[PDB]
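Asks: following this: a sequence and the matching experimental structure.
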Amino acid sequence: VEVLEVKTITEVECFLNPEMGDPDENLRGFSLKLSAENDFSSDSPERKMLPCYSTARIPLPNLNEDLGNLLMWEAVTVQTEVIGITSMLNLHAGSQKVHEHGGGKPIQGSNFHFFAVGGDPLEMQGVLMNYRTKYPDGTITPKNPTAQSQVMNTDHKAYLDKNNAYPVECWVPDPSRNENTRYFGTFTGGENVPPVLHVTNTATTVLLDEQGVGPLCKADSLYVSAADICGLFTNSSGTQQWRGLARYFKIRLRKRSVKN
Amino acid sequence: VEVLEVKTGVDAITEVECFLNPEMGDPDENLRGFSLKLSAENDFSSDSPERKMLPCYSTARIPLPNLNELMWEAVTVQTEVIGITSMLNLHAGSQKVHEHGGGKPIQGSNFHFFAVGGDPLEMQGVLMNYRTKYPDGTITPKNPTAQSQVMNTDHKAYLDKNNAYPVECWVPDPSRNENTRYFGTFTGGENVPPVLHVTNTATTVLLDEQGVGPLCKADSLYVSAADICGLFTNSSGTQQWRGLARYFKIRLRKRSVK
Amino acid sequence: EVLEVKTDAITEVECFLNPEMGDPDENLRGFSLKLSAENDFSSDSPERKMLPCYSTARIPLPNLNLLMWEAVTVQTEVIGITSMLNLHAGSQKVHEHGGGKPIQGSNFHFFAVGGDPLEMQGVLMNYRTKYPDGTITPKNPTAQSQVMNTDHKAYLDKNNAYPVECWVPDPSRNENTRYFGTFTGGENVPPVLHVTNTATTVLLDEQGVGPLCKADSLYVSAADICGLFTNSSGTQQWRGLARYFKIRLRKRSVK
Amino acid sequence: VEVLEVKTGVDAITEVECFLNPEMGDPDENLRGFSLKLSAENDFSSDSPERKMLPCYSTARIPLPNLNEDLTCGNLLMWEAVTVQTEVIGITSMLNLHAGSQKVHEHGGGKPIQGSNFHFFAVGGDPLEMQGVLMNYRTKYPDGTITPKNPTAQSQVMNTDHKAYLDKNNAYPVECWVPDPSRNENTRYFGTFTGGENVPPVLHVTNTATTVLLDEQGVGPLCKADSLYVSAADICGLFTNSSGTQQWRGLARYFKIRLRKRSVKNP
Amino acid sequence: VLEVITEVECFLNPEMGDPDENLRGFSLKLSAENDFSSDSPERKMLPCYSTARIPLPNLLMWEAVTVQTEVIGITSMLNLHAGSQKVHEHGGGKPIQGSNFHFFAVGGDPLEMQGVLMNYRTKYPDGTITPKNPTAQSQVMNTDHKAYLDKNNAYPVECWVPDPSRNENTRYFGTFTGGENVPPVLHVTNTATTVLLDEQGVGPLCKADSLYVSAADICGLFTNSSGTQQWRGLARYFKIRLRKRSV
């Protein structure tokens, strides 16, 4: 695409639900109880235990009254926020007491907060803790992995082209691709890591690259992608479940001239 | 409203201030600023918190000098939490950290939140457990389903009543609040240290990218807060939320609109 | 009504303000008395030497009479932070054969500069606390004293009298003072303290006007509770350190 | 490794992309990216770590296209490294708490990777220059490592004898070597060490972040003999097996380096 | 100071106590629980400030303009196989952690220090320079305790801080982080410069053609398998850019 001038503005928005595994009709936003200590040679996680990347396609009207200069929608900025962070102030429901006569144990531990906005589906690279993991039906995971899949195996290239299918533990945004997508992620690992989450409607991320060009909706589609694993919920029984929250996107779009 | 020039001249600027008291539950006439002791381990199917156990959002409407329906535009807010040094009382009520030790400081999950707008703060409901049975005198997501544990777009409310909207049920709605600025941080965990800053030299600019602050519909300014500071641990081991008041000083200017 | 800056018109004053942690005996200057624990709210009578108090000094300036001294910048630093590397004196072993336990836990680092005494707001953990003789604490407190009670207005007008647990800088006043404080609470919080002679705080407000020394007096105020010292026995004491101030002042014309 | 002519001619830009694999020890064919289980409590006098227990620096030399038709000319062209974008690849793999790791408590999930970590990269036109420092000068290092020669007690602080080039992949143990701030005129390096048993790994990914490699004079690393050097160490923490044994976990590092042609005086 | 280049460099060794010929960079094992009335620490237990006078080429004086500095050998703490207590059964060695202090100064005169003591009654050992005639006021601010950092391996870190009321001709920077379980966090990069010019663009001036560097880099406590603890310190590198200034 040869990018020309800006045509001299609309907003689109989405609340993207998290895909934590949802083990029954009442535990929407939670994973299945976590298993532990599986040998690498016999590691068969159940589908409902594995959080997956969330994604939605926002369709836009074509701008070309007549198909040398075309018009495409261009993403300029995004406002994004994790939705429901105060829900972790419920220490009365389900959580193990911190000590005798105490309140419930807060959600805490390993967390991952990630979003992307592009004119194409997110491009991902596969990396596994254990190349021998047997992944369950309904997941899409690195094909024909080897030991090299525990470091970098360039065979593992995927599109985030399906909601609730690509396990977060198997896939990362690919920095060698995503020419038409901007992505941002923080991983914080550990048993006792405190969740730290900020809300403000005053924060904007600018999506323009070094040349002042945002993601271009080449096929009149805008892609939003997220993963928001807030930490682990510890049941009275001792079992643990991932908890996730929805993510809001508001994307400012403008019309961009291009050659064709 | 189409937004035109800032009006300057005599009486084209005002400053209003307020202290918003916290609404932590106030379980008896002597424990203002605390919640009732926390229950733990309720099954999701049998979760009935008492009103006095549930911290709520604080909110107040500040009347502004009457303009002929020019609007008042909020430009800056100075805000801080009041009484942070009260947590240096380790002689009263708190469980000793060990034999012959001082009392356990307040610590654990905390939430620090404030909003300034020309409309009531617009909130979105999200629940830990959609089956929680909330008590009389609370306003909570109406007729929740399983999706209410993630995003259910039916749960929209105005923060239109003090000491009524539980903090655990509601967040500011980023899809609305065109005319409000809000700021919050949640830090969760049993051992989280409270970290609180005071200074009269720090100001938050409420102007958007176009240089426009909250516009005060009907000459009313809305302030909102939640300052849950952590958990107080009694000698028995029981725990109570502790909250503190928030101060607001808001500078406004007259703005022409069409 | 503040006119022009006069351009021998720039003075410096410096001060080392000692902490007031309670000083339970003549050897334990800079420490509090052993902390008590688990007093019922209905019977909470803390001893004076257990309560750290705000430090303050009034620095008299030459009477220029109008012209007034205007405070423009402050350089400030907590003094003796390396003393906490002494883990051989008095502190409880971390484990068998281990060194002493570091000072750690709740801390409060605060300073103010103005041309009037620091204006303070009262707030209490427990309104029913019975405070000892020699302390100045909220008068006629109620349950609302545990949140915001506008009755509790004080001037920091006596050194070693206003307990830190009772009083905060009042953001509704202090027109003629700049104040800065950080509270970090918790059982095991690490003290984190920086020293540099390269850091300056500007005291000018939005209109370029610093505190104005009313009656030719400059006011410095501080509280530097570093955390808790844990004795061998398990008893705990607050530890505090002195604060340095170097303040640049200029002559300002006023109507 | 991709070397791409993005733009040609006088204002030519070349982008070099590459994924540098970590060198954590790889104790068996299935545990690529992990070390051998850590030993503990070896007396200083009797400290003989096994090869596969010792994470090493990663490095590679990337040959660039020759720019000089005539080597006699008064001016010669050199590739100059202007910017780098870099991140650690596969950080979400640590959300697998079902494989191999000690349960946090009865009926709990696996223990996350955590503890001491080191994240480091360098981009230069010469091999990264390193200074040796040892915890224990009397350590006996295994065949296949390059470690400080004839160490003394002074090697536990600063011994200026211990100078090396990072000139071999999977050979220089991280615990023996640091980048040398007294040299590296033609390299830019960046590292953070975080020590402690329960240190949480904190890793950021974004394709929007760029590090500028220009010095105060506006000059990037100059690729001597058309050679670009990439170096990394990304020890993420310790993986704790159900037995309680611990292994270093490392991840690959991505580099995207932007280069332009600088004219230099022919020496 | 009237009208307005050379670079000097130094690797300054730490002075942690060096309890024997093999344990260079470590202190003697720490004592605990001494009564304030009987606290007599051994010299080899006490980390001291490091310092070096750097002689410079002889109405013109050398003005220090910038410093690059970093702590040398931080990756050496990734040796968890040697001497340290296992974190649990079958586990690796315990990382160096706990109270740390990282400090450096650049000046045209020796660093000026102020004495402050945890315990004024401490009896300090021969070979140390500590506050003279300490009183209870030495636990807070006692203006008697003034010293020059004029001897390497003599002034215990626990007794002395940089004096903010002097040091007209020195720039200094320190962070103290206290606590049993504090993680060391150390950064390396050759891309970082500290500018030593004051608000009027004047750097430290080297009177007597001498440049003074000072450091303390106590990284944390090393826990032996026995449970005994020792300070670990590391060297600091300095590269200082000077220019000629007319006086």
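Replies: Structure received. Residues are numbered from 1 along each chain as shown, chains lettered A, B, ... in the order given.
Asks: in chain A, what residue lies closest to chain D?
Replies: Per C-beta to the nearest C-beta, residue A:127 is where chain A lies closest to chain D, at 2.6 Å. Yep, even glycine has a C-beta here, placed from its N, CA and C like the rest.
Asks: that residue against residue D:90, yeah?
Replies: Yes - if you go by C-beta atoms under 8 Å, residue A:127 and residue D:90 touch, sitting 2.6 Å apart.
Asks: identify the contacts common to those two.
Replies: Applying C-beta atoms under 8 Å, 6 or more residues apart in numbering or on different chains, one finds that residue A:127 and residue D:90 are jointly contacted by A:151, A:152, A:172, D:251, D:252.
Asks: checking the host helix or strand of residue A:70 against chain B, do any of its residues make contact.
Replies: Per DSSP states H and E: residue A:70 is located in strand A:69-83. Yes - for strand A:69-83, a contact with chain B is found by C-beta under 8 Å from any C-beta of the partner chain, at A:79, A:81, A:83.
Asks: after that strand, which helix or strand is next?
Replies: Using DSSP H and E, the next helix or strand after strand A:69-83 towards the C-terminus is strand A:111-118.
Asks: output the residues of strand A:69-83 next to chain B as CSV; include the columns neighbour count.
Replies: As requested, the residues of strand A:69-83 next to chain B are exported to CSV (neighbours: other C-beta atoms under 10 Å in any protein chain shown):
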residue, neighbour count
A:79, 19
A:81, 26
A:83, 25
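Asks: adjacent strands (with direction) for the host helix or strand of residue A:124?
Replies: For residue A:124, the host element (DSSP H and E) is strand A:123-126. Its sheet considered, strand A:123-126 pairs with strand A:157-159 (antiparallel), strand A:171-173 (antiparallel) by DSSP bridges.
Asks: any chance of these in TSV, with mean neighbour count too?
Replies: Below are the strands paired with strand A:123-126 laid out as TSV (neighbours: other C-beta under 10 Å):
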stretch	mean neighbour count
strand A:157-159	17
strand A:171-173	26
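Asks: so residue A:231 bridges to which residues?
Replies: Residue A:231 has these beta-bridge partners by DSSP bridges: residue A:243.
Asks: number of nearby residues for it?
Replies: When counting by other C-beta atoms under 10 Å in any protein chain shown, one arrives at 25 neighbours for residue A:231.
Asks: list the contacts for it?
Replies: So residue A:231 contacts A:107, A:108, A:109, A:110, A:111, A:193, A:195, A:242, A:243, B:188 (C-beta under 8 Å, 6+ apart).
Asks: now the two most distant members of those.
Replies: A:242 and B:188 (14.5 Å; C-beta to C-beta).
Asks: list the residues that contact the closest residue to residue A:205 other than its chain neighbours.
Replies: For residue A:205, ignoring the flanking residues on the chain, the nearest one in space by C-beta to C-beta, 6 or more residues apart in numbering or on different chains is residue A:78 at 5.1 Å. Going by C-beta under 8 Å, 6+ apart, residue A:78 touches A:115, A:117, A:204, A:205, A:207, A:249, A:250, A:251, A:252.
Asks: again, 6 Å this time
Replies: The contact partners of residue A:78, taken as C-beta atoms under 6 Å, 6 or more residues apart in numbering or on different chains, are A:117, A:205, A:249, A:251.
Asks: just to revisit the earlier point, return the member of the shared contacts of residue A:127 and residue D:90 nearest to chain B.
Replies: When those are compared against chain B (criterion: C-beta to the nearest C-beta), the nearest one is residue A:172, at 23.6 Å.
Asks: the stretch 151-260 of chain A against chain D: which residues are in contact?
Replies: A:151-152, A:168-169, A:172-173, A:175-176, A:178, A:182-191, A:193, A:237-240 (C-beta under 6 Å from any C-beta of the partner chain).
Asks: from what I can see residue A:47 touches residue A:141, true?
Replies: No - in this structure residue A:47 lies outside contact range of residue A:141 using C-beta atoms under 6 Å: 11.3 Å.
Asks: still on that earlier bit, and which of the shared contacts of residue A:127 and residue D:90 is nearest to chain E?
Replies: Minimum distance to chain E across those is 16.1 Å, recorded for residue D:251 (C-beta to the nearest C-beta).
Asks: show me which positions of stretch A:53-64 end up buried.
Replies: Buried positions in stretch A:53-64, judged by neighbour count with 16 or more other C-beta atoms under 10 Å in any protein chain shown: A:53, A:54, A:55, A:58.
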